[PDB]
Amino acid sequence: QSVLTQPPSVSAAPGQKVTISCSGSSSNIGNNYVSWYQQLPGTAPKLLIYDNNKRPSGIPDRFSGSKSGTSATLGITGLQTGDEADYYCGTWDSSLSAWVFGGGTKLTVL
Amino acid sequence: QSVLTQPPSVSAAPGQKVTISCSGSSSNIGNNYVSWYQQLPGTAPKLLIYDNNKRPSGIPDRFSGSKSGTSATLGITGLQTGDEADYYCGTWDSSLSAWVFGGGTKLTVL
Amino acid sequence: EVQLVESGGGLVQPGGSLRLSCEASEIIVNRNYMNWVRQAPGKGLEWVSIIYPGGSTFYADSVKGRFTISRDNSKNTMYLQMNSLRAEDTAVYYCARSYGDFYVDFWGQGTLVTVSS
Amino acid sequence: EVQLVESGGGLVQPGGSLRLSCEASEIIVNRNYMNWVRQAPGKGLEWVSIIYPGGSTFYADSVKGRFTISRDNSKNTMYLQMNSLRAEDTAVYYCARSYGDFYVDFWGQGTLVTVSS
């Protein structure tokens, strides 16, 4: 049973780096590539991070992505108000032959 | 040709018992069971009498049903205003293998 | 509460095709003997079709062959496939549960049907 | 400008059938690997279906068999044939281009879908 697990929420004040951890069984995230999407309210997911570290098409900087073993980590230096959205992590689970997404974090600025 | 015959209309004043007679060929009403339905205006038929005499689920009393030979009779002691509806008689015609209904009486209170 | 609600009724051209549907709650359409009966405005309930527990169907004379009754596998809902309509199919179809072949205990509200251009 | 616009969303009865459609501009749907993903209100994007350049399709577990994805010959537009709906198909379907199997680059605005009477 593989569906990546993500904390229900993460919150920090502006100026404090925000860390989000997506963990899943090594069937899909230990052998394939994570990718990270941002969903602003009432809009459509906007790709944020791809291929386990990269930052496409000039996304606002300080957005970082890393992969450690069977987990993936997103990082934002400081907690800006505009960054408030839902964050999802997606990998191609070959065992299920299906895209699998995380629970989604409600990032709230303190 | 079996389709039970029912008078086009029956009318009585309040306090006078109302009798309705459904007559048909003994192919369907002499060998099977009559049942009697009431259709209030703009609504859906509501079962009134079943199995040739019975009165189901606490229908308002004084409603009576009888079967004599090849005919069936419905009776209402008095003619209350609320009872105004259309009345139908139905039997399972095995010769046609079909439910057969009567013409329907327009009960009007005088 | 017991209830049967039917949808699928509206204007349609002669020779058209419709899927009227009967939705059953508190009751299970895959068991109780279910019936489709009709009444043209100013007319008398006429038996259209009865579906037995065991899947057997019965249809009237005027409504033979063109029509079809069916019983969903899991949706708890029954459907009439009305095909090859004519002028005498103007109706207010009702779906009704009938203990055996003896009497029709529960009647749905009513779904108009019209055959005109 | 790149854009994907989807239509076909509205109220529908359980067991109904819809043809949602994905219209592609600046891009060519008969080549880029296109995907249908969904998100019920208060829920998470769930992969519904991916169409490959070569015509091959993949569908999720819950959405297997009932559904179908298709790629128009000349209209530059893709379509989902949704059939045999239930309660868990209430959604805001999106169509999205996905470089390979790695990440979903472009997302359409969103087309509500409701399963109720």
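No lab work stands behind these numbers, since they all come straight from the coordinates. Please note: Cβ atoms are built from the backbone with ideal geometry, for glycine as well, and neighbour counts cover all protein chains shown.
Below is a table of values for the structure above.
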quantity: Region A:70-87, residues that are in a strand (DSSP E or B) and not β-branched (V, I, T); calculated: A:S71, A:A72, A:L74, A:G75, A:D86, A:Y87
quantity: Unique residue being among the hydroxyl-bearing types (S, T, Y) and in contact with a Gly (Cβ under 6 Å, 6 or more places away or on another chain) when the list is D:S62, D:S25, D:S21; calculated: D:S21
quantity: Verdict on C:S62 being polar (S, T, N, Q), within 30 Å of B:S9 (Cα to Cα) and surrounded by fewer than 16 Cβ atoms within 10 Å (Cβ to Cβ); calculated: yes
quantity: Members of region A:75-110 that are free of Cβ contacts under 8 Å to residues at least 12 places away in the same chain and closer than 18 Å to D:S49 by Cα; calculated: A:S97, A:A98, A:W99
quantity: Any hit, region D:66-84, residues being within 11 Å of chain A (Cβ to nearest Cβ) and either free of Cβ contacts under 8 Å to residues at least 40 places away in the same chain or under 18 Å from D:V2 (Cβ atoms) (or both); calculated: no
quantity: Enumeration of residues in region A:70-110 that are polar (S, T, N, Q) and either more than 14 Å from chain D (Cβ to nearest Cβ) or touching a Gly at 6+ places or on another chain (Cβ under 9 Å) (or both); calculated: A:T70, A:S71, A:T73, A:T77, A:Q80, A:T81, A:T91, A:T108
quantity: All positions within region D:1-11 that are farther than 21 Å from C:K75 by Cβ and assigned to a strand (DSSP E or B); calculated: D:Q3, D:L4, D:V5, D:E6, D:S7
quantity: Residues located in region A:43-53, provided they are under 13 Å from A:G90 (Cα atoms), facing chain D (nearest Cβ under 7 Å) and not in a strand (DSSP E or B); calculated: A:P45, A:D51
quantity: Filtered residues of region D:85-112 (kept if in contact with an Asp or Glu (Cβ under 8 Å, 6 or more places away or on another chain), touching a residue at least 40 places away in the same chain (Cβ under 8 Å), at negative phi and at the interface with chain A (Cβ under 9 Å from one of its Cβ atoms)); calculated: D:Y94, D:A96, D:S98, D:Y99, D:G108, D:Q109
quantity: Pairs where the first residue, in region B:53-67, is on the phi > 0 side of the Ramachandran plot and the second is surrounded by 13 or more Cβ atoms within 10 Å (Cβ to Cβ) and assigned to a loop (DSSP other than H, G, I, E, B), C-beta under 7 Å, 6+ apart; calculated: B:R62/B:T77
quantity: Qualifying residue in region A:30-42 (condition: free of Cβ contacts under 8 Å to residues at least 24 places away in the same chain, at positive phi and assigned to a loop (DSSP other than H, G, I, E, B)); calculated: yes
quantity: Qualifying position, being part of a loop (DSSP other than H, G, I, E, B), of a type outside the set (D, E, K, R) and farther than 16 Å from B:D93 by Cα, among C:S74, C:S62; calculated: C:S74
quantity: Residue, farthest from B:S97 (Cα to Cα), within region B:54-69, restricted to residues that are more than 14 Å from every other protein chain (Cβ to nearest Cβ) and not in a loop (DSSP other than H, G, I, E, B); calculated: B:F63
quantity: Positions within region C:57-105 being closer than 30 Å to B:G58 by Cα and of a type in the set (A, V, I, L, M, F, W, C), in sequence order; calculated: C:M78, C:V92, C:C95, C:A96, C:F102, C:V104
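Quick grid of which residues meet (1) under 23 Å from A:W99 (Cα atoms); (2) not aliphatic (A, V, I, L, M):
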| residue | (1), (2) |
| --- | --- |
| D:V5 | yes, no |
| D:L11 | no, no |
| D:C22 | yes, yes |
| D:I28 | yes, no |
| D:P41 | yes, yes |
| D:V48 | yes, no |
| D:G55 | yes, yes |
